[PDB]
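Visitor: First the structure, then my questions, so here it is.
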Amino acid sequence: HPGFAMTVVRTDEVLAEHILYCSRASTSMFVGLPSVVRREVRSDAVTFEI
Amino acid sequence: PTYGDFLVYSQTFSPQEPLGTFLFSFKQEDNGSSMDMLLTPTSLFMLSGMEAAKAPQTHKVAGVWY
Amino acid sequence: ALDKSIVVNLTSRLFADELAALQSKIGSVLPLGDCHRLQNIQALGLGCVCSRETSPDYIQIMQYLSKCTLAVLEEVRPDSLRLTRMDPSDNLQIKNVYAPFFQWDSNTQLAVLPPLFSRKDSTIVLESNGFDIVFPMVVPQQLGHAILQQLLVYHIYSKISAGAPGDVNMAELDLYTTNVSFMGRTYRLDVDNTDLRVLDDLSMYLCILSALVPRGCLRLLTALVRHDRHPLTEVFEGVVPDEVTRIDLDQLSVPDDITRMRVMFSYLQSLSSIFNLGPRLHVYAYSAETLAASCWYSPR
Amino acid sequence: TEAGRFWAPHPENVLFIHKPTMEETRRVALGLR
């Protein structure tokens with residue numbers, strides 16, 4: 001035994017399957033209009049963003 | 001145009017920019033999959049370490065972003 | 001709105017063996033001597049300038065690639081090859097099938113260099129037509145300005161060892177030239193010292209500079225003494241070696257010195273551009289598993 | 001007025017010794033000493 005003791009700290013992570021409860025009609029939402037924007041147009045592909 | 005897509009550590013690229021700054025891509029070695037290093041001209045002032053009176057205005061501003 | 005496609009026909013059908021090597025490289029960058037869509041075989045490689053019977057060249061290829069139109073394979077059908085056209089500032093996709101393999105990253109600048117390595121790494125011989133197509137050496141610009149430089153030093157000391165044995169050690173020369181460090185990684189290149197006749201033209205030019213430059217700068221300093229001399233030229237007298245400053249210019253006459261100074265500059269502009277300006281294209285996206293790099297071509 | 005621009009080839013300070021006024025302060029002060 002050396003002259004000193006020591007304390008040790010771990011961590012540990014645990015999977016959990018939650019029960020989120022959400023009361024009625026709290027958050028009002030606003031849905032807009034989807035736009036489309038081209039980007040990275042090549043000779044081989046024409047890619048879009050929505 | 002032809003855009004570029006960069007994925008940056010949030011310590012380097014300061015979270016607030018005037019949305020039109022010029023950029024650079026410093027590159028030393030591919031260590032991971034995609035972690036990219038970007039240098040604004042105010043960030044490249046701080047790595048330089050030059051004197052204050054060489055650029056008297058951005059030294060105050062680049063010292064509060066970093 | 002414009003139509004770009006380049007469709008090259010042949011006289012004879014391909015073999016079954018030669019079709020598999022072109023399917024290996026279905027994304028590539030070929031030079032191509034004409035801009036029109038219908039064209040014969042004799043231009044689409046480097047066989048138009050470089051061949052086995054002719055002496056191998058560096059500079060006459062590097063003169064040619066800047067003058068030439070590039071193209072990209074799309075589909076290999078017997079016998080009609082199907083390239084696509086490379087336009088100024090045009091966005092397209094490159095697969096990187098080149099021997100030997102240098103690893104690409106995105107946000108690098110691709111520089112098309114002539115192949116100075118071995119034959120089987122570079123070309124694919126078409127036995128049906130008896131003509132050689134040669135794929136160029138696509139290398140990133142900082143490697144291409146370094147894979148040239150250490151091999152050009154290797155060609156010099158190989159010419160010293162062949163003239164006198166005791167001046168060069170082979171273990172010193174091999175360790176410091178054939179191993180190239182870039183982007184953290186190392187590449188041991190194939191030396192091909194089995195017998196580098198490509199780089200003999202540059203080794204002639206850089207040496208004829210190296211004798212005439214310190215002879216040339218002494219005269220050009222003293223001939224510009226003024227009251228309106230540019231003030232930075234006082235500084236660079238401290239840079240020139242002290243042995244350079246002790247030349248007696250009485251040894252060479254005036255009909256000799258005009259020949260030198262015109263030989264002085266005429267190598268300087270011919271050698272400056274061939275290190276600088278080639279067909280060079282950027283890359284903004286890359287994935288190592290698909291080996292597919294999206295590029296856009298800047299003509300210079 | 002920058003640390004990197006110290007040894008400018010044309011600085012803002014130029015020495016100007018007026019030699020007739022310098023000889024008379026020599027000769028008067030060499031008379032007194």
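Labeling convention for the structure tokens: chains A, B, ... as they appear, residues from 1 per chain, ligands from 1 in order of appearance.
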Can you list, as a PyMOL selection string, all residues belonging to chain B that DSSP tags as strand (DSSP E or B)?

Guide: chain B and resi 8+25-26+36-38

Visitor: Using only C-alpha atoms, tabulate the residues of chain D lying at most 12 Å from any atom of chain C, each with its closest atom pair and that distance in Å to one decimal, by chain and increasing residue number, as a tab-separated table.

Guide:
residue	atom	partner	partner_atom	distance
D:7	CA	C:235	CA	11.6
D:8	CA	C:231	CA	9.7
D:9	CA	C:231	CA	6.8
D:10	CA	C:231	CA	9.0

Visitor: Include N, CA, C and O atoms and write out the residues we just selected as a CSV table (one decimal), in the first residue's frame.

Guide:
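Output below, filename part_37.csv:
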chain,number,residue,atom,x,y,z
D,7,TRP,N,12.8,50.9,-41.5
D,7,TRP,CA,13.9,51.5,-42.4
D,7,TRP,C,13.5,51.8,-43.8
D,7,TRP,O,14.0,51.3,-44.7
D,8,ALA,N,12.5,52.7,-43.9
D,8,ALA,CA,12.0,53.2,-45.2
D,8,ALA,C,13.1,53.9,-45.9
D,8,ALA,O,13.9,54.5,-45.3
D,9,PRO,N,13.2,53.7,-47.3
D,9,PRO,CA,14.3,54.3,-48.0
D,9,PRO,C,14.2,55.8,-48.2
D,9,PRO,O,15.2,56.5,-48.4
D,10,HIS,N,13.0,56.3,-48.0
D,10,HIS,CA,12.7,57.8,-48.0
D,10,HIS,C,11.9,58.1,-46.7
D,10,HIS,O,10.7,58.1,-46.8

Visitor: Mind checking which residues fall within 12 Å of residue 99 of chain C, counting only C-alpha atoms, ignoring those fewer than 4 positions away in the same chain, and posting them as a compact mmCIF listing (two decimals) with N, CA, C and O atoms, in the first residue's frame?

Guide:
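This went into selection-v5.txt:
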# COMPACT_ATOMS: atom_id res chain seq x y z
N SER C 24 -12.39 -0.07 -67.57
CA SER C 24 -11.77 0.22 -66.28
C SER C 24 -11.74 1.73 -66.02
O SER C 24 -11.91 2.18 -64.88
N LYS C 25 -11.51 2.51 -67.07
CA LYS C 25 -11.47 3.96 -66.99
C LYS C 25 -12.56 4.55 -67.88
O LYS C 25 -12.32 4.93 -69.03
N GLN C 103 -4.02 9.98 -54.21
CA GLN C 103 -5.31 10.20 -53.57
C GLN C 103 -5.73 11.66 -53.74
O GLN C 103 -4.96 12.57 -53.44
N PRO C 115 2.51 12.29 -68.99
CA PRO C 115 3.01 11.10 -68.30
C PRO C 115 4.51 10.93 -68.52
O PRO C 115 4.99 10.80 -69.65
N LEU C 116 5.25 10.93 -67.41
CA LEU C 116 6.68 10.72 -67.41
C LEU C 116 7.06 9.42 -66.73
O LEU C 116 8.26 9.14 -66.57
N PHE C 117 6.08 8.63 -66.33
CA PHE C 117 6.29 7.33 -65.71
C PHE C 117 6.27 6.24 -66.78
O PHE C 117 6.44 6.50 -67.97
N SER C 118 6.10 4.99 -66.34
CA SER C 118 6.25 3.83 -67.20
C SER C 118 5.13 3.76 -68.24
O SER C 118 4.12 4.46 -68.18
N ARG C 119 5.35 2.88 -69.22
CA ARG C 119 4.46 2.79 -70.38
C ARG C 119 3.14 2.12 -70.01
O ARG C 119 2.06 2.61 -70.37
N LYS C 120 3.20 0.99 -69.30
CA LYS C 120 2.00 0.21 -69.01
C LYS C 120 1.11 0.91 -67.99
O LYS C 120 -0.10 0.65 -67.93
N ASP C 121 1.68 1.79 -67.17
CA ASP C 121 0.86 2.62 -66.29
C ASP C 121 0.13 3.69 -67.09
O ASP C 121 -0.99 4.09 -66.75
N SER C 122 0.76 4.18 -68.16
CA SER C 122 0.24 5.34 -68.87
C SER C 122 -0.73 4.97 -69.99
O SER C 122 -1.90 5.36 -69.94
N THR C 123 -0.26 4.23 -70.99
CA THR C 123 -0.97 4.08 -72.25
C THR C 123 -1.77 2.78 -72.28
O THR C 123 -1.57 1.88 -71.45
N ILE C 124 -2.68 2.70 -73.24
CA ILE C 124 -3.40 1.48 -73.58
C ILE C 124 -3.25 1.29 -75.08
O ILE C 124 -3.72 2.12 -75.87
N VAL C 134 -2.79 7.59 -75.26
CA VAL C 134 -2.00 7.83 -74.06
C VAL C 134 -2.82 8.71 -73.12
O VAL C 134 -3.18 9.83 -73.49
N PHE C 135 -3.11 8.20 -71.95
CA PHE C 135 -3.84 8.96 -70.95
C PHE C 135 -2.88 9.87 -70.20
O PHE C 135 -1.82 9.43 -69.76
N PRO C 136 -3.22 11.15 -70.05
CA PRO C 136 -2.31 12.08 -69.39
C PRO C 136 -2.29 11.88 -67.88
O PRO C 136 -3.18 11.28 -67.28
N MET C 137 -1.24 12.43 -67.28
CA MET C 137 -0.97 12.24 -65.87
C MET C 137 -1.63 13.36 -65.08
O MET C 137 -1.11 14.47 -65.00
N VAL C 138 -2.80 13.06 -64.51
CA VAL C 138 -3.56 14.03 -63.73
C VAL C 138 -3.15 13.88 -62.28
O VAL C 138 -3.33 12.80 -61.69
N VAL C 139 -2.59 14.94 -61.72
CA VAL C 139 -1.90 14.96 -60.42
C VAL C 139 -2.30 16.29 -59.79
O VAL C 139 -2.49 17.26 -60.53
N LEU C 189 7.54 6.47 -55.76
CA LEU C 189 7.31 6.41 -57.19
C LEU C 189 8.23 5.38 -57.83
O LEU C 189 9.33 5.12 -57.35
N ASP C 190 7.76 4.81 -58.94
CA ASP C 190 8.59 3.93 -59.74
C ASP C 190 9.69 4.75 -60.41
O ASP C 190 9.39 5.67 -61.18

Visitor: Quick one: residues within 12 Å of residue 39 of chain A, only C-alpha atoms counted, chain neighbours fewer than 4 positions away excluded, as a list in words?

Guide: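 The neighbour list is residues 45, 46, 47, 48, 49 and 50 of chain A; 1, 2, 3, 4 and 5 of chain B; 91 of chain C.
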
Visitor: Once you count only C-alpha atoms, which residues of chain C turn out to be within 12 Å of chain B? Could you give them as a PDB file with C-alpha atoms, in the first residue's frame?

Guide:
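This went into part-v7.pdb:
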ATOM      1  CA  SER C  89     -16.065  27.122 -66.904  1.00  0.00           C
ATOM      2  CA  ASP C  90     -18.225  24.029 -67.297  1.00  0.00           C
ATOM      3  CA  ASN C  91     -19.317  21.756 -64.462  1.00  0.00           C
ATOM      4  CA  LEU C  92     -18.895  17.991 -64.891  1.00  0.00           C
ATOM      5  CA  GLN C 103      -5.309  10.204 -53.572  1.00  0.00           C
ATOM      6  CA  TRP C 104      -7.516  13.172 -54.460  1.00  0.00           C
ATOM      7  CA  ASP C 105      -9.263  15.460 -52.030  1.00  0.00           C
ATOM      8  CA  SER C 106     -11.989  18.001 -52.680  1.00  0.00           C
ATOM      9  CA  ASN C 107     -11.010  21.697 -52.789  1.00  0.00           C
ATOM     10  CA  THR C 108      -7.805  20.871 -54.671  1.00  0.00           C
ATOM     11  CA  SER C 181       5.636  13.422 -48.903  1.00  0.00           C
ATOM     12  CA  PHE C 182       2.324  15.177 -49.529  1.00  0.00           C
ATOM     13  CA  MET C 183      -0.752  15.817 -47.356  1.00  0.00           C
ATOM     14  CA  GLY C 184       0.784  13.744 -44.559  1.00  0.00           C
ATOM     15  CA  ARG C 185       1.099  10.737 -46.861  1.00  0.00           C
ATOM     16  CA  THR C 186       4.082   9.259 -48.681  1.00  0.00           C
ATOM     17  CA  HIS C 282     -10.851  22.716 -59.899  1.00  0.00           C
ATOM     18  CA  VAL C 283     -12.690  20.127 -57.787  1.00  0.00           C
ATOM     19  CA  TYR C 284     -15.389  20.966 -55.223  1.00  0.00           C
ATOM     20  CA  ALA C 285     -16.729  17.508 -54.278  1.00  0.00           C
ATOM     21  CA  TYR C 286     -15.155  14.090 -53.797  1.00  0.00           C
ATOM     22  CA  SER C 287     -15.914  10.687 -52.289  1.00  0.00           C
ATOM     23  CA  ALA C 288     -13.246   8.010 -52.006  1.00  0.00           C
ATOM     24  CA  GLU C 289     -15.584   5.008 -52.143  1.00  0.00           C
ATOM     25  CA  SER C 294     -17.138  16.777 -59.544  1.00  0.00           C
ATOM     26  CA  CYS C 295     -15.050  19.377 -61.338  1.00  0.00           C
ATOM     27  CA  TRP C 296     -15.175  22.586 -63.334  1.00  0.00           C
TER      28      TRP C 296
END

Visitor: What is the distance between atom CA of residue 22 of chain C and atom CA of residue 127 of chain C, in Å to one decimal?

Guide: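 Result for atom CA of residue 22 of chain C versus atom CA of residue 127 of chain C: 13.5 Å, one decimal.
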
Visitor: Using only C-alpha atoms, I'd like a table of the residues in chain D that come within 10 Å of chain B; for each, show the closest atom pair and its distance in Å rounded to one decimal, ordered by chain and ascending number, as a tab-separated table.

Guide:
residue	atom	partner	partner_atom	distance
D:1	CA	B:53	CA	8.5
D:2	CA	B:53	CA	6.8
D:3	CA	B:51	CA	7.9
D:4	CA	B:54	CA	8.7
D:5	CA	B:54	CA	9.9

Visitor: How close does chain A get to chain C? List, as CSV, each residue of chain A within 7 Å, its nearest atom pair and the distance in Å to one decimal, counting only C-alpha atoms.

Guide:
residue,atom,partner,partner_atom,distance
A:42,CA,C:91,CA,4.9
A:43,CA,C:92,CA,5.5
A:44,CA,C:92,CA,6.6

Visitor: For residue 59 of chain B, please output as a VMD selection string all residues within 12 Å (counting only C-alpha atoms; exclusion window: fewer than 5 positions along the same chain).

Guide: chain B and resid 41 to 54 64 to 66

Visitor: Dump C-alpha atoms for the selected residues as a PDB file, in the first residue's frame?

Guide:
ATOM      1  CA  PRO B  41     -10.047  37.292 -43.024  1.00  0.00           C
ATOM      2  CA  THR B  42     -10.768  38.260 -39.411  1.00  0.00           C
ATOM      3  CA  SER B  43      -9.855  34.755 -38.253  1.00  0.00           C
ATOM      4  CA  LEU B  44      -6.662  34.847 -40.306  1.00  0.00           C
ATOM      5  CA  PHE B  45      -5.745  38.099 -38.589  1.00  0.00           C
ATOM      6  CA  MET B  46      -5.627  36.288 -35.231  1.00  0.00           C
ATOM      7  CA  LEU B  47      -3.401  33.420 -36.409  1.00  0.00           C
ATOM      8  CA  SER B  48      -1.039  36.016 -37.909  1.00  0.00           C
ATOM      9  CA  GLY B  49      -0.311  37.827 -34.671  1.00  0.00           C
ATOM     10  CA  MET B  50       0.696  41.099 -36.300  1.00  0.00           C
ATOM     11  CA  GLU B  51       0.768  44.449 -34.545  1.00  0.00           C
ATOM     12  CA  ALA B  52      -2.353  46.461 -33.782  1.00  0.00           C
ATOM     13  CA  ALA B  53      -1.577  49.536 -35.892  1.00  0.00           C
ATOM     14  CA  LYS B  54      -1.147  47.471 -39.077  1.00  0.00           C
ATOM     15  CA  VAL B  64     -13.974  39.633 -29.373  1.00  0.00           C
ATOM     16  CA  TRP B  65     -14.972  36.893 -31.815  1.00  0.00           C
ATOM     17  CA  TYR B  66     -12.065  34.824 -30.450  1.00  0.00           C
TER      18      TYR B  66
END

Visitor: So that I can check the secondary structure, give me every residue of chain D assigned alpha helix (DSSP H) by backbone DSSP, as a list in words.

Guide: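 Answer for chain D restricted to alpha helix (DSSP H) is residues 19, 20, 21, 22, 23, 24, 25, 26, 27, 28, 29, 30, 31 and 32 of chain D.
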
Visitor: Skipping near chain neighbours, those fewer than 3 positions away, what residues fall within 6 Å of residue 109 of chain C using only C-alpha atoms, listed as number ranges by chain?

Guide: C: 140-141, 281-282

Visitor: The selected residues should be written to file as a PDB file, in the first residue's frame (atoms: N, CA and C atoms).

Guide:
ATOM      1  N   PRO C 140      -2.514  16.385 -58.467  1.00  0.00           N
ATOM      2  CA  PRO C 140      -2.878  17.688 -57.891  1.00  0.00           C
ATOM      3  C   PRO C 140      -1.712  18.662 -57.973  1.00  0.00           C
ATOM      4  N   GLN C 141      -2.049  19.955 -58.053  1.00  0.00           N
ATOM      5  CA  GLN C 141      -1.123  20.981 -58.532  1.00  0.00           C
ATOM      6  C   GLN C 141       0.102  21.117 -57.637  1.00  0.00           C
ATOM      7  N   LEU C 281      -7.925  22.521 -63.688  1.00  0.00           N
ATOM      8  CA  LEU C 281      -9.343  22.456 -63.373  1.00  0.00           C
ATOM      9  C   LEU C 281      -9.536  22.182 -61.889  1.00  0.00           C
ATOM     10  N   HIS C 282     -10.591  22.754 -61.329  1.00  0.00           N
ATOM     11  CA  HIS C 282     -10.851  22.716 -59.899  1.00  0.00           C
ATOM     12  C   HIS C 282     -11.745  21.535 -59.564  1.00  0.00           C
TER      13      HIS C 282
END

Visitor: Calculated over only C-alpha atoms, which of the candidates A:32, A:19, A:38, A:13 has the smallest distance to chain B?

Guide: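 With only C-alpha atoms as the atom set, the closest residue is A:38.
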
Visitor: With distances taken over only C-alpha atoms, which of A:41, A:15, A:36, A:25 is nearest to chain B?

Guide: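 Using only C-alpha atoms, the shortest distance to chain B belongs to A:41.
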
Visitor: To one decimal place in Å, what is the distance between atom CA of residue 177 of chain C and atom CA of residue 147 of chain C?

Guide: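 Pair atom CA of residue 177 of chain C / atom CA of residue 147 of chain C returns 9.2 Å.
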